[PDB]
Number of protein chains: 2
Amino acid sequence: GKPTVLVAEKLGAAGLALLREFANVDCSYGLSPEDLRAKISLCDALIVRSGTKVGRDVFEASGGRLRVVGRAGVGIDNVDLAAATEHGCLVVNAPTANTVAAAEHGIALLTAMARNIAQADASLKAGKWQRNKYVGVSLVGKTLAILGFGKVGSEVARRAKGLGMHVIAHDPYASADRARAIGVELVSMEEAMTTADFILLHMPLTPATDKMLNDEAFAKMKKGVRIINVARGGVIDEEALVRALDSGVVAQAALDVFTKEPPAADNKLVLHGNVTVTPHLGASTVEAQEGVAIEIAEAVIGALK
Amino acid sequence: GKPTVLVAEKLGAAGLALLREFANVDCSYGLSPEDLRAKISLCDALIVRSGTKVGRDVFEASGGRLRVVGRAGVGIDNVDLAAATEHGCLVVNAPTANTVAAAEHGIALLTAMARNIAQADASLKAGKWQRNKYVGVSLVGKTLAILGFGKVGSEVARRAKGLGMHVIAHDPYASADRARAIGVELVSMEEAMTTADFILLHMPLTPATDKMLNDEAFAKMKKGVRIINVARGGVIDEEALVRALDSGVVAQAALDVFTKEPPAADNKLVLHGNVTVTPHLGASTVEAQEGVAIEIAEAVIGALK
């Protein structure tokens with residue numbers, strides 16, 4: 001029994017060594033839609049991370065051998081998810097490993113924002129010693145607002161209440177009991193906008209969330225509010241955040257994800273003074289890398305059986 | 001009843017207005033040791049932050065008018081307590097208001113270093129999109145060793161376990177009950193060195209602690225340890241820290257204090273790739289500033305009664 005698993009995108013040797021113990025593993029890496037279509041007819045399972053677009057044509061082209069698609073990581077946006085099961089192909093993901101290291105990165109964005117770790121380190125490496133330019137805020141007692149109470153959203157909260165913040169969340173799909181059991185009040189969407197000193201974005205990018213943080217949302221906010229985006233860019237109106245920081249509605253902004261990766265080489269948020277930008281690093285911790293590998297590994301393998 | 005308080009160094013206008021309700025206040029900022037010896041004979045109280053030297057000659061020069069010296073901030077290194085006590089003079093300080101925004105900043109240095117927030121932000125801004133160079137490390141389950149279990153020491157432990165780390169400390173003058181009461185084991189010095197995935201330094205600088213972090217220290221540590229200093233520079237042999245980063249014993253280092261502030265323009269720690277540096281920003285939060293003003297103000301006024 002030699003099941004065949006095509007691994008389209010780089011994968012953590014920890015997991016590749018689990019798959020190789022339970023399957024044939026093809027690691028052709030980055031194939032053109034046609035190469036892939038040619039291979040998938042001969043694969044009992046496909047594993048992808050983010051770049052591979054498991055479209056409708058990919059299921060169509062397999063001819064019913066492809067049983068299970070393994071999405072390494074958290075999101076699944078790229079698997080045509082309705083074709084998948086229409087053709088009778090299970091789709092499984094690797095959420096919990098990247099989830100930890102992704103809230104970990106949000107918190108790291110929040111604290112480093114709040115004290116200007118980033119600008120200051122640049123200022124001092126550049127010889128300048130400008131102690132008065134980089135005075136930060138505290139976190140204790142500050143109200144943090146979480147939009148979209150996912151695993152990361154609630155894992156974040158848990159870390160932010162450990163830093164001693166008041167943490168609130170808005171997400172119409174959120175178990176009032178789970179929230180109250182970590183100490184998070186579920187609040188209205190206007191209450192979250194107004195009363196927050198800090199706002200993080202953990203929302204999926206749907207038509208209802210697109211360009212959500214636009215000029216109307218920034219008006220409702222408290223002045224002196226700071227904002228951290230670790231979910232998906234473009235859920236912010238990028239031009240509108242450029243204008244709210246230029247005014248002093250938003251005091252400073254911490255941005256992992258963008259509307260475009262790589263962002264424009266002139267793109268104003270990335271270049272702005274009060275912004276702390278990292279290049280979609282949210283799940284870039286060695287530990288998650290190796291634990292996501294092992295997760296879809298065990299996930300694919302358990303489907304396949 | 002008109003008391004006279006000489007405030008040598010800037011002070012949050014909150015504090016100044018409290019002091020001007022209960023005394024005459026001279027804000028002669030930055031005097032030469034002679035001008036201060038001249039004034040101190042006309043002053044019932046002297047409030048200083050970190051730069052003014054309350055040496056022995058000052059206590060002599062005042063002739064006994066001076067009743068209380070107020071240390072705006074945490075330590076008292078600059079005040080010759082020995083001489084003040086001798087000349088029947090009280091010393092008071094502003095420990096708690098800074099204490100927190102110190103630990104706060106310490107944590108921010110930790111999380112920003114773990115995830116290369118500083119190096120990555122400066123790269124993106126520099127056009128570079130280098131997603132793989134800047135893979136971070138998970139904090140969770142890691143061992144944070146706190147050398148010096150002061151008020152700031154324990155206060156960091158609190159934030160750390162809330163990020164979900166395994167926090168041990170070594171300070172021989174620490175109540176094992178306070179320690180266990182916040183979930184921190186107190187451990188030997190060789191244990192702190194060897195077991196730690198992270199080491200922060202909250203140690204004041206004695207001839208015992210001077211250049212304590214030395215080549216012999218670094219060999220004892222676990223390879224890939226990351227070191228966060230927010231207490232006093234010099235406790236670290238800079239030359240040896242650099243040689244331990246360049247050799248990869250020390251993974252990376254987040255340094256707020258230095259052996260010489262402002263550091264040398266060529267200083268290899270400041271300019272090093274794996275080092276995140278801030279210019280002694282430890283207490284530079286707007287909250288801890290206004291809060292320390294009002295602390296010594298109350299502290300001086302109460303003594304002065």
# chains A, B, ... in the order shown; residues from 1 in each chain; ligands from 1

$ select_by_dssp --residues "stretch 55-169 of chain A" --states "alpha helix (DSSP H)" --output "PyMOL selection string"
chain A and resi 56-62+81-86+95-115+117-125+151-162

$ select_by_dssp --residues "stretch 104-271 of chain B" --states "strand (DSSP E)" --output "ChimeraX atom specification"
/B:143-147,166-170,185-186,198-201,225-229,250-255

$ write_last_selection --atoms "C-alpha atoms" --output "mmCIF file, in the first residue's frame"
data_model
loop_
_atom_site.group_PDB
_atom_site.id
_atom_site.type_symbol
_atom_site.label_atom_id
_atom_site.label_comp_id
_atom_site.auth_asym_id
_atom_site.auth_seq_id
_atom_site.Cartn_x
_atom_site.Cartn_y
_atom_site.Cartn_z
ATOM 1 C CA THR B 143 12.721 29.439 30.036
ATOM 2 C CA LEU B 144 13.075 33.095 31.001
ATOM 3 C CA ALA B 145 15.721 33.569 33.682
ATOM 4 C CA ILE B 146 15.479 36.773 35.718
ATOM 5 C CA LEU B 147 18.790 37.749 37.340
ATOM 6 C CA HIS B 166 8.589 29.185 32.189
ATOM 7 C CA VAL B 167 10.034 31.855 34.477
ATOM 8 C CA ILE B 168 12.799 31.107 36.966
ATOM 9 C CA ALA B 169 14.785 33.699 38.898
ATOM 10 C CA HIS B 170 18.040 33.902 40.842
ATOM 11 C CA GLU B 185 10.962 29.118 41.161
ATOM 12 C CA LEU B 186 14.057 30.558 42.825
ATOM 13 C CA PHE B 198 16.050 33.844 27.613
ATOM 14 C CA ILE B 199 17.979 35.845 30.208
ATOM 15 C CA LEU B 200 16.983 39.310 31.287
ATOM 16 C CA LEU B 201 19.196 41.353 33.599
ATOM 17 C CA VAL B 225 20.149 32.059 24.468
ATOM 18 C CA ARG B 226 18.820 35.587 23.995
ATOM 19 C CA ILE B 227 19.708 38.305 26.503
ATOM 20 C CA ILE B 228 17.661 41.365 27.430
ATOM 21 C CA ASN B 229 19.443 43.984 29.556
ATOM 22 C CA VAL B 250 24.217 34.218 22.195
ATOM 23 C CA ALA B 251 21.470 34.126 19.564
ATOM 24 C CA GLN B 252 20.548 37.809 19.825
ATOM 25 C CA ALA B 253 20.574 40.599 22.437
ATOM 26 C CA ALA B 254 18.117 43.384 23.324
ATOM 27 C CA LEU B 255 19.935 46.157 25.188
#

$ interface_residues --of "chain B" --to "chain A" --cutoff "6 Å" --atoms "only C-alpha atoms" --output "ChimeraX atom specification"
/B:108,111-112,118,120-121,125,127,131,135-138,159,162-163,265,270-271,276-279,284-286

$ atom_distance --atom1 "atom CA of residue A:80" --atom2 "atom CA of residue A:14"
27.6 Å

$ atom_distance --atom1 "atom CA of residue A:230" --atom2 "atom CA of residue B:157"
26.0 Å
